[PDB]
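Chemist: Structure file work-v3.txt (compact mmCIF, N, CA and C atoms) is given on the next line.
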```
# COMPACT_ATOMS: atom_id res chain seq x y z
N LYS A 1 -80.25 132.93 -24.38
CA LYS A 1 -80.53 132.52 -22.97
C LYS A 1 -81.88 131.80 -22.87
N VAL A 2 -81.95 130.76 -22.04
CA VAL A 2 -83.19 130.03 -21.81
C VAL A 2 -83.68 130.39 -20.40
N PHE A 3 -84.77 131.15 -20.32
CA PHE A 3 -85.35 131.57 -19.04
C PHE A 3 -86.02 130.45 -18.27
N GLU A 4 -86.06 130.59 -16.96
CA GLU A 4 -86.77 129.62 -16.15
C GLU A 4 -88.15 130.28 -16.08
N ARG A 5 -89.19 129.46 -15.93
CA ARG A 5 -90.58 129.93 -15.90
C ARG A 5 -90.90 131.17 -15.06
N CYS A 6 -90.70 131.06 -13.76
CA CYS A 6 -91.01 132.20 -12.90
C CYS A 6 -90.12 133.41 -13.12
N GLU A 7 -88.87 133.17 -13.46
CA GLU A 7 -87.92 134.24 -13.74
C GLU A 7 -88.49 135.09 -14.89
N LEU A 8 -88.97 134.43 -15.94
CA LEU A 8 -89.56 135.13 -17.08
C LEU A 8 -90.84 135.89 -16.67
N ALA A 9 -91.70 135.24 -15.90
CA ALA A 9 -92.95 135.84 -15.47
C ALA A 9 -92.74 137.17 -14.79
N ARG A 10 -91.81 137.19 -13.84
CA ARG A 10 -91.49 138.42 -13.11
C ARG A 10 -90.90 139.49 -14.02
N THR A 11 -90.07 139.07 -14.97
CA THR A 11 -89.44 139.99 -15.92
C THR A 11 -90.50 140.65 -16.80
N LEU A 12 -91.45 139.85 -17.29
CA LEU A 12 -92.52 140.39 -18.12
C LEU A 12 -93.41 141.35 -17.32
N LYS A 13 -93.64 141.03 -16.05
CA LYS A 13 -94.45 141.90 -15.22
C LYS A 13 -93.76 143.25 -15.06
N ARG A 14 -92.47 143.20 -14.74
CA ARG A 14 -91.69 144.42 -14.57
C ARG A 14 -91.71 145.27 -15.84
N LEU A 15 -91.74 144.61 -16.99
CA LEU A 15 -91.73 145.29 -18.29
C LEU A 15 -93.11 145.80 -18.75
N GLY A 16 -94.12 145.64 -17.90
CA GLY A 16 -95.46 146.12 -18.21
C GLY A 16 -96.32 145.31 -19.16
N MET A 17 -96.12 143.99 -19.18
CA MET A 17 -96.89 143.11 -20.06
C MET A 17 -98.20 142.63 -19.46
N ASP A 18 -98.32 142.66 -18.13
CA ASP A 18 -99.53 142.18 -17.49
C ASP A 18 -100.75 143.04 -17.82
N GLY A 19 -101.65 142.50 -18.65
CA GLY A 19 -102.86 143.20 -19.06
C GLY A 19 -102.68 144.15 -20.22
N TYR A 20 -101.52 144.12 -20.87
CA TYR A 20 -101.26 145.01 -22.00
C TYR A 20 -102.27 144.68 -23.10
N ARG A 21 -103.04 145.70 -23.47
CA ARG A 21 -104.09 145.58 -24.48
C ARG A 21 -105.04 144.41 -24.17
N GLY A 22 -105.33 144.22 -22.88
CA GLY A 22 -106.23 143.17 -22.44
C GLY A 22 -105.64 141.77 -22.36
N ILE A 23 -104.33 141.66 -22.56
CA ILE A 23 -103.65 140.35 -22.55
C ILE A 23 -102.98 140.08 -21.22
N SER A 24 -103.49 139.07 -20.52
CA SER A 24 -102.99 138.68 -19.21
C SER A 24 -101.57 138.14 -19.29
N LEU A 25 -100.83 138.24 -18.19
CA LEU A 25 -99.45 137.74 -18.15
C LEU A 25 -99.43 136.23 -18.47
N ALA A 26 -100.42 135.49 -17.96
CA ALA A 26 -100.50 134.05 -18.21
C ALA A 26 -100.57 133.74 -19.71
N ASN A 27 -101.18 134.63 -20.48
CA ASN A 27 -101.26 134.42 -21.91
C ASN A 27 -99.93 134.67 -22.61
N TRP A 28 -99.20 135.69 -22.17
CA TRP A 28 -97.89 135.96 -22.76
C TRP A 28 -96.94 134.81 -22.42
N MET A 29 -97.11 134.23 -21.24
CA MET A 29 -96.27 133.11 -20.82
C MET A 29 -96.53 131.87 -21.70
N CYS A 30 -97.81 131.62 -21.96
CA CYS A 30 -98.24 130.49 -22.78
C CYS A 30 -97.70 130.65 -24.20
N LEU A 31 -97.73 131.88 -24.70
CA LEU A 31 -97.21 132.19 -26.03
C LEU A 31 -95.68 131.93 -26.12
N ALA A 32 -94.90 132.46 -25.17
CA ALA A 32 -93.45 132.27 -25.18
C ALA A 32 -93.07 130.81 -25.06
N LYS A 33 -93.82 130.07 -24.24
CA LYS A 33 -93.60 128.64 -24.02
C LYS A 33 -93.69 127.84 -25.32
N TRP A 34 -94.77 128.05 -26.06
CA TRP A 34 -94.98 127.33 -27.30
C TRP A 34 -94.22 127.88 -28.50
N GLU A 35 -93.92 129.17 -28.48
CA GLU A 35 -93.20 129.75 -29.60
C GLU A 35 -91.73 129.41 -29.57
N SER A 36 -91.11 129.55 -28.40
CA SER A 36 -89.68 129.30 -28.31
C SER A 36 -89.21 128.44 -27.14
N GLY A 37 -90.11 128.08 -26.24
CA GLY A 37 -89.69 127.31 -25.08
C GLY A 37 -88.86 128.22 -24.16
N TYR A 38 -89.21 129.51 -24.18
CA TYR A 38 -88.57 130.55 -23.37
C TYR A 38 -87.10 130.75 -23.74
N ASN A 39 -86.76 130.57 -25.01
CA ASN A 39 -85.39 130.72 -25.51
C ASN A 39 -85.26 131.97 -26.38
N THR A 40 -84.41 132.90 -25.95
CA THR A 40 -84.18 134.16 -26.66
C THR A 40 -83.44 134.06 -28.01
N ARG A 41 -82.68 132.98 -28.22
CA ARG A 41 -81.94 132.87 -29.48
C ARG A 41 -82.61 132.00 -30.53
N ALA A 42 -83.83 131.56 -30.24
CA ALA A 42 -84.59 130.71 -31.15
C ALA A 42 -84.86 131.42 -32.48
N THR A 43 -84.56 130.75 -33.59
CA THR A 43 -84.79 131.30 -34.93
C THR A 43 -85.48 130.22 -35.77
N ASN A 44 -86.44 130.62 -36.59
CA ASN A 44 -87.14 129.64 -37.42
C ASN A 44 -87.36 130.17 -38.83
N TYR A 45 -86.77 129.48 -39.80
CA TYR A 45 -86.88 129.86 -41.20
C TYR A 45 -88.11 129.22 -41.84
N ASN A 46 -88.87 130.02 -42.57
CA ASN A 46 -90.09 129.55 -43.23
C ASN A 46 -89.75 129.51 -44.71
N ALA A 47 -89.38 128.33 -45.18
CA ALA A 47 -89.00 128.11 -46.58
C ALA A 47 -90.06 128.53 -47.57
N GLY A 48 -91.31 128.38 -47.18
CA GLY A 48 -92.42 128.74 -48.04
C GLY A 48 -92.51 130.20 -48.46
N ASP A 49 -92.24 131.13 -47.55
CA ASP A 49 -92.32 132.54 -47.91
C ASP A 49 -91.03 133.31 -47.69
N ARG A 50 -89.96 132.59 -47.35
CA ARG A 50 -88.63 133.18 -47.14
C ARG A 50 -88.50 134.18 -46.00
N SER A 51 -89.33 134.01 -44.97
CA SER A 51 -89.27 134.89 -43.81
C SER A 51 -88.72 134.09 -42.63
N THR A 52 -88.29 134.78 -41.57
CA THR A 52 -87.74 134.12 -40.40
C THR A 52 -88.38 134.67 -39.14
N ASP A 53 -88.64 133.78 -38.18
CA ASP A 53 -89.21 134.17 -36.89
C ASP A 53 -88.04 134.25 -35.91
N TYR A 54 -87.93 135.36 -35.20
CA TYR A 54 -86.82 135.59 -34.27
C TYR A 54 -87.15 135.75 -32.79
N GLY A 55 -86.37 135.07 -31.96
CA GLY A 55 -86.50 135.24 -30.52
C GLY A 55 -87.55 134.55 -29.69
N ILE A 56 -87.67 135.02 -28.45
CA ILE A 56 -88.58 134.43 -27.49
C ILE A 56 -90.04 134.43 -27.95
N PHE A 57 -90.44 135.46 -28.68
CA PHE A 57 -91.81 135.56 -29.15
C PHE A 57 -91.94 135.21 -30.61
N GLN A 58 -90.85 134.73 -31.21
CA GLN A 58 -90.85 134.36 -32.63
C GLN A 58 -91.51 135.46 -33.48
N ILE A 59 -90.85 136.60 -33.53
CA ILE A 59 -91.36 137.74 -34.27
C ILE A 59 -90.90 137.65 -35.71
N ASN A 60 -91.85 137.81 -36.62
CA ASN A 60 -91.61 137.67 -38.06
C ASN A 60 -90.96 138.84 -38.79
N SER A 61 -89.94 138.52 -39.60
CA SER A 61 -89.18 139.52 -40.36
C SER A 61 -89.90 140.22 -41.52
N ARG A 62 -91.08 139.74 -41.89
CA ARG A 62 -91.81 140.37 -42.99
C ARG A 62 -92.52 141.65 -42.57
N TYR A 63 -92.98 141.71 -41.32
CA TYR A 63 -93.70 142.89 -40.89
C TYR A 63 -93.14 143.61 -39.68
N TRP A 64 -92.48 142.89 -38.78
CA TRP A 64 -92.03 143.51 -37.53
C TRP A 64 -90.58 143.87 -37.29
N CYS A 65 -89.66 143.19 -37.97
CA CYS A 65 -88.26 143.53 -37.79
C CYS A 65 -87.61 143.39 -39.15
N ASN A 66 -86.47 144.04 -39.31
CA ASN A 66 -85.73 144.02 -40.57
C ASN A 66 -84.51 143.11 -40.52
N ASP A 67 -84.41 142.18 -41.47
CA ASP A 67 -83.23 141.31 -41.54
C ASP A 67 -82.58 141.40 -42.93
N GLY A 68 -83.09 142.28 -43.78
CA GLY A 68 -82.51 142.48 -45.09
C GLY A 68 -82.74 141.44 -46.17
N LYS A 69 -82.92 140.19 -45.79
CA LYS A 69 -83.12 139.14 -46.77
C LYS A 69 -84.56 138.63 -46.93
N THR A 70 -85.54 139.34 -46.38
CA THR A 70 -86.93 138.90 -46.50
C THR A 70 -87.65 139.71 -47.59
N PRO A 71 -88.17 139.04 -48.65
CA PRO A 71 -88.89 139.64 -49.78
C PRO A 71 -90.11 140.41 -49.32
N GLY A 72 -90.47 141.47 -50.05
CA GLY A 72 -91.62 142.31 -49.70
C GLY A 72 -91.82 142.63 -48.23
N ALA A 73 -90.72 142.89 -47.53
CA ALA A 73 -90.76 143.15 -46.10
C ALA A 73 -91.09 144.58 -45.72
N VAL A 74 -91.53 144.71 -44.48
CA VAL A 74 -91.88 145.98 -43.85
C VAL A 74 -91.24 145.93 -42.45
N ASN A 75 -91.21 147.08 -41.79
CA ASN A 75 -90.64 147.16 -40.46
C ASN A 75 -91.52 148.05 -39.59
N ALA A 76 -92.65 147.49 -39.14
CA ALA A 76 -93.61 148.20 -38.30
C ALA A 76 -92.95 148.61 -36.99
N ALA A 77 -92.31 147.66 -36.31
CA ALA A 77 -91.62 147.94 -35.05
C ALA A 77 -90.33 148.78 -35.26
N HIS A 78 -89.76 148.70 -36.47
CA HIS A 78 -88.55 149.43 -36.85
C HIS A 78 -87.24 148.96 -36.21
N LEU A 79 -87.23 147.70 -35.78
CA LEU A 79 -86.08 147.08 -35.16
C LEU A 79 -85.27 146.20 -36.11
N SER A 80 -83.99 146.01 -35.79
CA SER A 80 -83.16 145.08 -36.56
C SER A 80 -83.56 143.75 -35.91
N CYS A 81 -83.67 142.69 -36.69
CA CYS A 81 -84.06 141.39 -36.13
C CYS A 81 -83.01 140.88 -35.14
N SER A 82 -81.79 141.40 -35.27
CA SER A 82 -80.66 141.06 -34.40
C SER A 82 -80.95 141.42 -32.95
N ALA A 83 -81.75 142.46 -32.75
CA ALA A 83 -82.12 142.94 -31.41
C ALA A 83 -83.00 141.94 -30.66
N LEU A 84 -83.66 141.05 -31.40
CA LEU A 84 -84.54 140.04 -30.84
C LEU A 84 -83.83 138.72 -30.51
N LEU A 85 -82.50 138.72 -30.61
CA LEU A 85 -81.71 137.54 -30.27
C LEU A 85 -80.84 137.82 -29.02
N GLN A 86 -81.09 138.96 -28.37
CA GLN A 86 -80.33 139.36 -27.17
C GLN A 86 -80.82 138.63 -25.92
N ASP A 87 -80.00 138.58 -24.88
CA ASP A 87 -80.43 137.95 -23.63
C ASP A 87 -81.41 138.89 -22.92
N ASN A 88 -81.20 140.19 -23.10
CA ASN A 88 -82.07 141.19 -22.51
C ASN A 88 -83.28 141.28 -23.44
N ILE A 89 -84.45 140.95 -22.91
CA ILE A 89 -85.66 140.94 -23.73
C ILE A 89 -86.46 142.23 -23.86
N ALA A 90 -85.87 143.35 -23.44
CA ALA A 90 -86.55 144.65 -23.52
C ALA A 90 -87.03 144.96 -24.95
N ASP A 91 -86.16 144.75 -25.93
CA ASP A 91 -86.54 145.03 -27.32
C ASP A 91 -87.58 144.04 -27.86
N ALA A 92 -87.49 142.77 -27.48
CA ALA A 92 -88.44 141.75 -27.91
C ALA A 92 -89.82 142.07 -27.34
N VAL A 93 -89.84 142.60 -26.12
CA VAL A 93 -91.09 142.98 -25.48
C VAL A 93 -91.69 144.20 -26.18
N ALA A 94 -90.85 145.18 -26.52
CA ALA A 94 -91.34 146.36 -27.22
C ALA A 94 -91.95 145.96 -28.57
N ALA A 95 -91.34 144.98 -29.24
CA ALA A 95 -91.85 144.49 -30.52
C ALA A 95 -93.19 143.73 -30.37
N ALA A 96 -93.28 142.85 -29.37
CA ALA A 96 -94.50 142.09 -29.08
C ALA A 96 -95.67 143.03 -28.77
N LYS A 97 -95.37 144.14 -28.09
CA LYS A 97 -96.39 145.13 -27.77
C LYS A 97 -96.92 145.76 -29.06
N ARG A 98 -96.00 146.05 -29.97
CA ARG A 98 -96.37 146.62 -31.25
C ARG A 98 -97.25 145.64 -32.03
N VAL A 99 -96.86 144.37 -32.09
CA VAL A 99 -97.67 143.39 -32.82
C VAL A 99 -99.13 143.40 -32.35
N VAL A 100 -99.36 143.34 -31.03
CA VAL A 100 -100.73 143.31 -30.52
C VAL A 100 -101.51 144.63 -30.56
N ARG A 101 -100.86 145.71 -30.99
CA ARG A 101 -101.53 146.99 -31.12
C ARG A 101 -102.40 146.98 -32.39
N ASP A 102 -102.25 145.92 -33.19
CA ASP A 102 -103.03 145.75 -34.42
C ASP A 102 -104.32 145.05 -34.02
N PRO A 103 -105.37 145.18 -34.84
CA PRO A 103 -106.67 144.55 -34.56
C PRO A 103 -106.70 143.06 -34.17
N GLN A 104 -105.81 142.23 -34.72
CA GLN A 104 -105.77 140.80 -34.37
C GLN A 104 -105.36 140.57 -32.91
N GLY A 105 -104.56 141.48 -32.37
CA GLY A 105 -104.13 141.32 -30.99
C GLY A 105 -103.25 140.10 -30.87
N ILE A 106 -103.44 139.36 -29.78
CA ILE A 106 -102.66 138.16 -29.47
C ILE A 106 -102.89 137.06 -30.53
N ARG A 107 -104.00 137.17 -31.26
CA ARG A 107 -104.33 136.19 -32.30
C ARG A 107 -103.42 136.24 -33.51
N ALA A 108 -102.47 137.17 -33.54
CA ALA A 108 -101.55 137.24 -34.66
C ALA A 108 -100.68 135.97 -34.75
N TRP A 109 -100.44 135.35 -33.60
CA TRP A 109 -99.64 134.12 -33.53
C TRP A 109 -100.58 132.92 -33.59
N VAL A 110 -100.47 132.11 -34.64
CA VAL A 110 -101.34 130.96 -34.74
C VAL A 110 -101.11 129.99 -33.59
N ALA A 111 -99.87 129.89 -33.11
CA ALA A 111 -99.57 129.01 -32.00
C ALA A 111 -100.41 129.33 -30.76
N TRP A 112 -100.79 130.60 -30.58
CA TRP A 112 -101.61 131.01 -29.44
C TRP A 112 -103.03 130.43 -29.56
N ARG A 113 -103.59 130.49 -30.76
CA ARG A 113 -104.93 129.93 -30.99
C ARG A 113 -104.99 128.41 -30.76
N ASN A 114 -103.97 127.70 -31.24
CA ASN A 114 -103.89 126.24 -31.11
C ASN A 114 -103.69 125.76 -29.68
N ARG A 115 -102.75 126.37 -28.96
CA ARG A 115 -102.50 125.90 -27.61
C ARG A 115 -102.76 126.76 -26.39
N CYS A 116 -103.27 127.97 -26.58
CA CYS A 116 -103.53 128.84 -25.43
C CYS A 116 -104.96 129.32 -25.30
N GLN A 117 -105.54 129.80 -26.40
CA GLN A 117 -106.90 130.31 -26.41
C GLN A 117 -107.92 129.33 -25.87
N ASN A 118 -108.84 129.83 -25.04
CA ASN A 118 -109.90 129.03 -24.44
C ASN A 118 -109.45 127.89 -23.52
N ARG A 119 -108.24 127.99 -23.00
CA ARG A 119 -107.71 126.99 -22.09
C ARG A 119 -107.42 127.64 -20.74
N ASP A 120 -107.13 126.79 -19.76
CA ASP A 120 -106.77 127.22 -18.41
C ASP A 120 -105.27 127.45 -18.52
N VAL A 121 -104.85 128.70 -18.45
CA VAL A 121 -103.42 129.03 -18.57
C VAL A 121 -102.78 129.46 -17.24
N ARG A 122 -103.49 129.26 -16.13
CA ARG A 122 -102.97 129.63 -14.81
C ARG A 122 -101.65 128.96 -14.50
N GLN A 123 -101.53 127.72 -14.94
CA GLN A 123 -100.32 126.93 -14.72
C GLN A 123 -99.02 127.63 -15.09
N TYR A 124 -99.08 128.53 -16.07
CA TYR A 124 -97.90 129.24 -16.53
C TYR A 124 -97.31 130.26 -15.54
N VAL A 125 -98.14 130.79 -14.64
CA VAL A 125 -97.69 131.78 -13.65
C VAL A 125 -97.88 131.36 -12.18
N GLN A 126 -98.40 130.16 -11.96
CA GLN A 126 -98.65 129.68 -10.60
C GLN A 126 -97.36 129.49 -9.79
N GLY A 127 -97.33 130.11 -8.62
CA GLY A 127 -96.17 130.02 -7.74
C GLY A 127 -95.05 131.02 -7.99
N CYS A 128 -95.18 131.83 -9.04
CA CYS A 128 -94.14 132.79 -9.38
C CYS A 128 -94.12 134.11 -8.61
N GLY A 129 -95.18 134.38 -7.85
CA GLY A 129 -95.23 135.61 -7.08
C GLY A 129 -95.62 136.84 -7.86
N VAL A 130 -96.34 136.65 -8.96
CA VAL A 130 -96.80 137.77 -9.78
C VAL A 130 -98.33 137.87 -9.70
```
What's the structure tokens form of this structure?
Modeler:
Amino acid sequence: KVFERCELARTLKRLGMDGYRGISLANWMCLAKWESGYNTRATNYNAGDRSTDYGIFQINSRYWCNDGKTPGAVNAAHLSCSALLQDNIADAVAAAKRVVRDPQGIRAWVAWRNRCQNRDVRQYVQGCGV
């Protein structure tokens, strides 16, 4: 499913993402926008290390979810990567929360540093009623 901007914003708020570990809703919106374009079925294979990024937040199979075919993998979140391709983003949100519980925080995603950090991200939630 491809979410509309405000629809996603409200959903993330309801799920308790606003200010989670110091991360504003506008930042989670900026991350989803650049990682998947707000698309829950987005998948990206990394030929270099044989891992795959799954879902709206492009969560990596080496440390956060299990897909069985990723070398030297771990499952911190303990989820099947299949759960991150659902239309219901409850599991993807639970996984994203786990990722930021680590010292890097939101910085775990390089895409966040390139296009979100130190920028005006208000545009991502403006007019949504959150």
Chemist: Taking 5 positions as the minimum chain separation for residues in the same chain, which residues sit within 7 Å of residue 51 (chain A) when counting all atoms listed in the file? Answer as a PDB file with N, CA and C atoms, in the coordinates of the input.
Modeler:
```pdb
ATOM      1  N   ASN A  44     -86.440 130.620 -36.590  1.00  0.00           N
ATOM      2  CA  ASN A  44     -87.140 129.640 -37.420  1.00  0.00           C
ATOM      3  C   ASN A  44     -87.360 130.170 -38.830  1.00  0.00           C
ATOM      4  N   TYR A  45     -86.770 129.480 -39.800  1.00  0.00           N
ATOM      5  CA  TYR A  45     -86.880 129.860 -41.200  1.00  0.00           C
ATOM      6  C   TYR A  45     -88.110 129.220 -41.840  1.00  0.00           C
ATOM      7  N   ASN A  46     -88.870 130.020 -42.570  1.00  0.00           N
ATOM      8  CA  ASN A  46     -90.090 129.550 -43.230  1.00  0.00           C
ATOM      9  C   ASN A  46     -89.750 129.510 -44.710  1.00  0.00           C
ATOM     10  N   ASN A  60     -91.850 137.810 -36.620  1.00  0.00           N
ATOM     11  CA  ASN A  60     -91.610 137.670 -38.060  1.00  0.00           C
ATOM     12  C   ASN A  60     -90.960 138.840 -38.790  1.00  0.00           C
ATOM     13  N   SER A  61     -89.940 138.520 -39.600  1.00  0.00           N
ATOM     14  CA  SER A  61     -89.180 139.520 -40.360  1.00  0.00           C
ATOM     15  C   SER A  61     -89.900 140.220 -41.520  1.00  0.00           C
ATOM     16  N   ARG A  62     -91.080 139.740 -41.890  1.00  0.00           N
ATOM     17  CA  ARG A  62     -91.810 140.370 -42.990  1.00  0.00           C
ATOM     18  C   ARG A  62     -92.520 141.650 -42.570  1.00  0.00           C
ATOM     19  N   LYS A  69     -82.920 140.190 -45.790  1.00  0.00           N
ATOM     20  CA  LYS A  69     -83.120 139.140 -46.770  1.00  0.00           C
ATOM     21  C   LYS A  69     -84.560 138.630 -46.930  1.00  0.00           C
ATOM     22  N   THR A  70     -85.540 139.340 -46.380  1.00  0.00           N
ATOM     23  CA  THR A  70     -86.930 138.900 -46.500  1.00  0.00           C
ATOM     24  C   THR A  70     -87.650 139.710 -47.590  1.00  0.00           C
ATOM     25  N   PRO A  71     -88.170 139.040 -48.650  1.00  0.00           N
ATOM     26  CA  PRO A  71     -88.890 139.640 -49.780  1.00  0.00           C
ATOM     27  C   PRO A  71     -90.110 140.410 -49.320  1.00  0.00           C
TER      28      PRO A  71
END
```
Chemist: When you draw a straight line from atom C of residue 87 (chain A) to atom C of residue 24 (chain A), how long is it in Å?
Modeler: 20.5 Å
Chemist: If I take CA of residue 52 (chain A) and atom C of residue 18 (chain A), how far is one from the other in Å, to one decimal?
Modeler: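 Between these atoms lies a distance of 27.5 Å.
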Chemist: Quick one: of A:20, A:54, A:3, A:112, who's nearest to residue 34 (chain A), counting only C-alpha atoms?
Modeler: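 Smallest separation from residue 34 (chain A) among the options: A:112.
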Chemist: Quick one: pick out all helix (DSSP H, G or I) residues within chain A from a backbone DSSP run and write them as a PyMOL selection string.
Modeler: chain A and resi 5-14+25-36+81-85+90-100+105-108+110-115+122-124
Chemist: Go ahead and write the residues just picked, N, CA and C atoms, as a compact mmCIF listing (two decimals), in the frame of the given file.
Modeler:
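So the final result, stored in selection-v9.txt, reads:
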```txt
# COMPACT_ATOMS: atom_id res chain seq x y z
N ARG A 5 -89.19 129.46 -15.93
CA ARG A 5 -90.58 129.93 -15.90
C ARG A 5 -90.90 131.17 -15.06
N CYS A 6 -90.70 131.06 -13.76
CA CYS A 6 -91.01 132.20 -12.90
C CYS A 6 -90.12 133.41 -13.12
N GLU A 7 -88.87 133.17 -13.46
CA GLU A 7 -87.92 134.24 -13.74
C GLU A 7 -88.49 135.09 -14.89
N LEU A 8 -88.97 134.43 -15.94
CA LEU A 8 -89.56 135.13 -17.08
C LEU A 8 -90.84 135.89 -16.67
N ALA A 9 -91.70 135.24 -15.90
CA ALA A 9 -92.95 135.84 -15.47
C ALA A 9 -92.74 137.17 -14.79
N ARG A 10 -91.81 137.19 -13.84
CA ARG A 10 -91.49 138.42 -13.11
C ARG A 10 -90.90 139.49 -14.02
N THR A 11 -90.07 139.07 -14.97
CA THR A 11 -89.44 139.99 -15.92
C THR A 11 -90.50 140.65 -16.80
N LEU A 12 -91.45 139.85 -17.29
CA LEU A 12 -92.52 140.39 -18.12
C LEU A 12 -93.41 141.35 -17.32
N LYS A 13 -93.64 141.03 -16.05
CA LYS A 13 -94.45 141.90 -15.22
C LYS A 13 -93.76 143.25 -15.06
N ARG A 14 -92.47 143.20 -14.74
CA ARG A 14 -91.69 144.42 -14.57
C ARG A 14 -91.71 145.27 -15.84
N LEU A 25 -100.83 138.24 -18.19
CA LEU A 25 -99.45 137.74 -18.15
C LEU A 25 -99.43 136.23 -18.47
N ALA A 26 -100.42 135.49 -17.96
CA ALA A 26 -100.50 134.05 -18.21
C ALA A 26 -100.57 133.74 -19.71
N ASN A 27 -101.18 134.63 -20.48
CA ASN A 27 -101.26 134.42 -21.91
C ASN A 27 -99.93 134.67 -22.61
N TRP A 28 -99.20 135.69 -22.17
CA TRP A 28 -97.89 135.96 -22.76
C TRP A 28 -96.94 134.81 -22.42
N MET A 29 -97.11 134.23 -21.24
CA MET A 29 -96.27 133.11 -20.82
C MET A 29 -96.53 131.87 -21.70
N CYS A 30 -97.81 131.62 -21.96
CA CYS A 30 -98.24 130.49 -22.78
C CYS A 30 -97.70 130.65 -24.20
N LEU A 31 -97.73 131.88 -24.70
CA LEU A 31 -97.21 132.19 -26.03
C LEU A 31 -95.68 131.93 -26.12
N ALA A 32 -94.90 132.46 -25.17
CA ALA A 32 -93.45 132.27 -25.18
C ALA A 32 -93.07 130.81 -25.06
N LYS A 33 -93.82 130.07 -24.24
CA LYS A 33 -93.60 128.64 -24.02
C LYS A 33 -93.69 127.84 -25.32
N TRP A 34 -94.77 128.05 -26.06
CA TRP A 34 -94.98 127.33 -27.30
C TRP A 34 -94.22 127.88 -28.50
N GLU A 35 -93.92 129.17 -28.48
CA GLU A 35 -93.20 129.75 -29.60
C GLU A 35 -91.73 129.41 -29.57
N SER A 36 -91.11 129.55 -28.40
CA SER A 36 -89.68 129.30 -28.31
C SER A 36 -89.21 128.44 -27.14
N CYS A 81 -83.67 142.69 -36.69
CA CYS A 81 -84.06 141.39 -36.13
C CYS A 81 -83.01 140.88 -35.14
N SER A 82 -81.79 141.40 -35.27
CA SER A 82 -80.66 141.06 -34.40
C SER A 82 -80.95 141.42 -32.95
N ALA A 83 -81.75 142.46 -32.75
CA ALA A 83 -82.12 142.94 -31.41
C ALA A 83 -83.00 141.94 -30.66
N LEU A 84 -83.66 141.05 -31.40
CA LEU A 84 -84.54 140.04 -30.84
C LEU A 84 -83.83 138.72 -30.51
N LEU A 85 -82.50 138.72 -30.61
CA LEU A 85 -81.71 137.54 -30.27
C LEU A 85 -80.84 137.82 -29.02
N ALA A 90 -85.87 143.35 -23.44
CA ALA A 90 -86.55 144.65 -23.52
C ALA A 90 -87.03 144.96 -24.95
N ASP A 91 -86.16 144.75 -25.93
CA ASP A 91 -86.54 145.03 -27.32
C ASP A 91 -87.58 144.04 -27.86
N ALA A 92 -87.49 142.77 -27.48
CA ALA A 92 -88.44 141.75 -27.91
C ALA A 92 -89.82 142.07 -27.34
N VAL A 93 -89.84 142.60 -26.12
CA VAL A 93 -91.09 142.98 -25.48
C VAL A 93 -91.69 144.20 -26.18
N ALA A 94 -90.85 145.18 -26.52
CA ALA A 94 -91.34 146.36 -27.22
C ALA A 94 -91.95 145.96 -28.57
N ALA A 95 -91.34 144.98 -29.24
CA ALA A 95 -91.85 144.49 -30.52
C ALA A 95 -93.19 143.73 -30.37
N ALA A 96 -93.28 142.85 -29.37
CA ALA A 96 -94.50 142.09 -29.08
C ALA A 96 -95.67 143.03 -28.77
N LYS A 97 -95.37 144.14 -28.09
CA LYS A 97 -96.39 145.13 -27.77
C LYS A 97 -96.92 145.76 -29.06
N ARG A 98 -96.00 146.05 -29.97
CA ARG A 98 -96.37 146.62 -31.25
C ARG A 98 -97.25 145.64 -32.03
N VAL A 99 -96.86 144.37 -32.09
CA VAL A 99 -97.67 143.39 -32.82
C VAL A 99 -99.13 143.40 -32.35
N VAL A 100 -99.36 143.34 -31.03
CA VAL A 100 -100.73 143.31 -30.52
C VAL A 100 -101.51 144.63 -30.56
N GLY A 105 -104.56 141.48 -32.37
CA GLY A 105 -104.13 141.32 -30.99
C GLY A 105 -103.25 140.10 -30.87
N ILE A 106 -103.44 139.36 -29.78
CA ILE A 106 -102.66 138.16 -29.47
C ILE A 106 -102.89 137.06 -30.53
N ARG A 107 -104.00 137.17 -31.26
CA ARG A 107 -104.33 136.19 -32.30
C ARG A 107 -103.42 136.24 -33.51
N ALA A 108 -102.47 137.17 -33.54
CA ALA A 108 -101.55 137.24 -34.66
C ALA A 108 -100.68 135.97 -34.75
N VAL A 110 -100.47 132.11 -34.64
CA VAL A 110 -101.34 130.96 -34.74
C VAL A 110 -101.11 129.99 -33.59
N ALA A 111 -99.87 129.89 -33.11
CA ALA A 111 -99.57 129.01 -32.00
C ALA A 111 -100.41 129.33 -30.76
N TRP A 112 -100.79 130.60 -30.58
CA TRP A 112 -101.61 131.01 -29.44
C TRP A 112 -103.03 130.43 -29.56
N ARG A 113 -103.59 130.49 -30.76
CA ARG A 113 -104.93 129.93 -30.99
C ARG A 113 -104.99 128.41 -30.76
N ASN A 114 -103.97 127.70 -31.24
CA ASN A 114 -103.89 126.24 -31.11
C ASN A 114 -103.69 125.76 -29.68
N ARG A 115 -102.75 126.37 -28.96
CA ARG A 115 -102.50 125.90 -27.61
C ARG A 115 -102.76 126.76 -26.39
N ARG A 122 -103.49 129.26 -16.13
CA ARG A 122 -102.97 129.63 -14.81
C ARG A 122 -101.65 128.96 -14.50
N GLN A 123 -101.53 127.72 -14.94
CA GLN A 123 -100.32 126.93 -14.72
C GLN A 123 -99.02 127.63 -15.09
N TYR A 124 -99.08 128.53 -16.07
CA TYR A 124 -97.90 129.24 -16.53
C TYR A 124 -97.31 130.26 -15.54
```
Chemist: (-103.0, 139.0, -18.2) in this file's frame - what residues fall within 12 Å of it? Use only C-alpha atoms and give the answer as a PyMOL selection string.
Modeler: chain A and resi 9+12-13+16-31+106+121-122+124-125+130
Chemist: Extract, using only C-alpha atoms, all DNA, RNA and protein residues at most 10 Å from residue 77 (chain A), discarding same-chain residues fewer than 5 positions from it, and format them as a ChimeraX atom specification.
Modeler: /A:63-66,91-92,94-99
Chemist: With only C-alpha atoms as the counted atoms, please give the residues lying no more than 12 Å from residue 2 (chain A), apart from itself and same-chain residues fewer than 4 positions off, as a ChimeraX atom specification.
Modeler: /A:7-8,32-33,36-42,55-56,85-89
